[PDB]
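Residue numbers (the entry's author numbering), protein chains in the order written: chain D, 6 to 120; chain Y, 7 to 193; chain A, 4 to 73. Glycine is no exception: its CB is placed at the ideal position from the N, C-alpha and C atoms.
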Amino acid sequence: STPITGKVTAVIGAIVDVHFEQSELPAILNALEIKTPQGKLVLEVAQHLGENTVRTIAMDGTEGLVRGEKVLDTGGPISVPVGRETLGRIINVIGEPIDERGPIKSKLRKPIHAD
Amino acid sequence: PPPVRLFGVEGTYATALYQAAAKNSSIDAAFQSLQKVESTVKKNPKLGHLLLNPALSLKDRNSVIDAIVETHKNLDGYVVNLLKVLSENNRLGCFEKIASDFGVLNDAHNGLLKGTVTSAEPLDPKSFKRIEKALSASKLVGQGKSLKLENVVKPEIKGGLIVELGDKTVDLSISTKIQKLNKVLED
Amino acid sequence: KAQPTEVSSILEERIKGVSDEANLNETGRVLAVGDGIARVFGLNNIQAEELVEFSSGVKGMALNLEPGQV
């Protein structure tokens, strides 16, 4: 499979612009990752400003972002684990658990944008 | 210290171009190449004009630029590079406007002080010639610089004539004089 | 003499995936979407409050017929 890469061309406070290459603009409400040396930072696609440029919302601390870091697509929306393995554990919005009780294993992953 | 300011309304691209080429002499060539690219846009009107649309791409604008320069190798030097910037800046649509403005700056460097002799009907040539001479035999033009001159037809005026150039004008026509006669006799 | 025809034949058929099934009498391109509004270039005959249909299958309606965009 191929990845979709993009450049971060504007960090305006807490909103991040990605300039992509052609035929790789993700649809609305599709997550994006960017690998800081601290952790991974999640972004959510909100608008298409034209010119293959997509304006996104942060999901964690948008400090430290150099311009032009290469964001990686993840195709679908933000995924959370479901099922009866999530019980009794503390999950944030991106799904990465923070009770320090290991990762959450489950057969399914789900989007947080359904009809 | 460049001549004839563009100032504001997108002639600054031309301004940059002018001053960047002013220090490297080659302006007439630049001007000629602008004439040639404007003509080869005009002499290929389907998608030479109608492919100056904002909805294309970054890449397709760049390849139109490449398609445009494919017709002629070594397009001057500076005006082939400026297009790339504009292609990347996507200000291509407001482009022949830049051609006209660079033309204005260029023929200002020549000193062609374009004028006008407005009327409500076109006139003989003898009047044209005598006025052009007068305008050339004038303070206005300091000589060493030319003097175009265009008669235009204006129905909104009732006749007469008005001379125009260097944001300096004289109107001895009919409409304004009727106006003034009326105003003074309408008390 | 031949290369103007070559440049025109390239240019009309480099964007032939864009310049055909086209010419904006009843088609357009989605220039910029966001917040449930798409500004679409083209559509040179569309009436105000006329139902457009997209290619992905969701319908829309046009309100601000503007010069450069719809």
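C-beta neighbour in chain A for residue i, strict 7 Å
i                     : result
residue 55 (chain D)  : yes
residue 52 (chain D)  : yes
residue 98 (chain Y)  : no
residue 81 (chain Y)  : no
residue 61 (chain Y)  : yes
residue 58 (chain Y)  : no
residue 53 (chain Y)  : yes
residue 122 (chain Y) : no
residue 73 (chain Y)  : yes
residue 77 (chain Y)  : yes
Residue i to residue j span [Cα, whole Å]
i                     : j                     : result
residue 106 (chain Y) : residue 116 (chain Y) : 15 Å
residue 143 (chain Y) : residue 190 (chain Y) : 35 Å
residue 25 (chain D)  : residue 73 (chain D)  : 11 Å
residue 131 (chain Y) : residue 183 (chain Y) : 25 Å
residue 54 (chain A)  : residue 66 (chain A)  : 10 Å
residue 29 (chain A)  : residue 44 (chain A)  : 11 Å
residue 7 (chain A)   : residue 17 (chain A)  : 15 Å
residue 101 (chain D) : residue 48 (chain A)  : 51 Å
residue 58 (chain D)  : residue 96 (chain Y)  : 13 Å
residue 173 (chain Y) : residue 151 (chain Y) : 17 Å
residue 98 (chain Y)  : residue 48 (chain Y)  : 15 Å
residue 121 (chain Y) : residue 133 (chain Y) : 15 Å
residue 161 (chain Y) : residue 154 (chain Y) : 23 Å
residue 171 (chain Y) : residue 148 (chain Y) : 13 Å
residue 29 (chain Y)  : residue 185 (chain Y) : 51 Å
residue 5 (chain A)   : residue 75 (chain Y)  : 15 Å
residue 85 (chain D)  : residue 111 (chain D) : 10 Å
Beta-carbon spacing of residue i, residue j below 7 Å
i                     : j                     : result
residue 11 (chain A)  : residue 50 (chain Y)  : yes
residue 20 (chain Y)  : residue 27 (chain Y)  : no
residue 76 (chain D)  : residue 39 (chain D)  : yes
residue 59 (chain Y)  : residue 93 (chain Y)  : no
residue 83 (chain D)  : residue 36 (chain D)  : yes
residue 159 (chain Y) : residue 127 (chain Y) : yes
residue 22 (chain D)  : residue 32 (chain D)  : no
residue 102 (chain Y) : residue 44 (chain Y)  : yes
residue 53 (chain D)  : residue 36 (chain A)  : yes
residue 123 (chain Y) : residue 104 (chain Y) : no
residue 157 (chain Y) : residue 119 (chain Y) : no
residue 34 (chain A)  : residue 22 (chain Y)  : no
residue 64 (chain D)  : residue 47 (chain D)  : yes
residue 70 (chain D)  : residue 88 (chain D)  : no
Test: residue i CB closer than 7 Å to a CB of chain Y
i                    : result
residue 13 (chain A) : yes
residue 42 (chain A) : no
residue 27 (chain D) : yes
residue 6 (chain A)  : yes
residue 73 (chain A) : no
residue 10 (chain A) : yes
Beta-ladder partner(s) of residue i, from DSSP
i                     : result
residue 36 (chain D)  : D:49
residue 64 (chain D)  : BP columns for residue 64 (chain D) are empty, so no partner.
residue 37 (chain A)  : D:52 and A:40
residue 54 (chain A)  : A:64
residue 58 (chain D)  : D:24
residue 96 (chain D)  : D:102
residue 85 (chain D)  : D:115
residue 78 (chain D)  : D:37
residue 191 (chain Y) : Looking at the DSSP assignment, residue 191 (chain Y) forms no beta bridge with any residue, so it has no partner.
Closer than 7 Å to chain D by CB, residue i
i                    : result
residue 35 (chain A) : yes
residue 48 (chain Y) : no
residue 65 (chain Y) : yes
Cβ neighbour criterion (16 or more within 10 Å) applied to residue i
i                     : result
residue 26 (chain A)  : exposed
residue 10 (chain D)  : exposed
residue 17 (chain D)  : exposed
residue 175 (chain Y) : exposed
residue 91 (chain Y)  : exposed
residue 39 (chain Y)  : buried
residue 87 (chain Y)  : exposed
residue 80 (chain Y)  : exposed
residue 61 (chain D)  : buried
residue 98 (chain D)  : exposed
residue 73 (chain Y)  : buried
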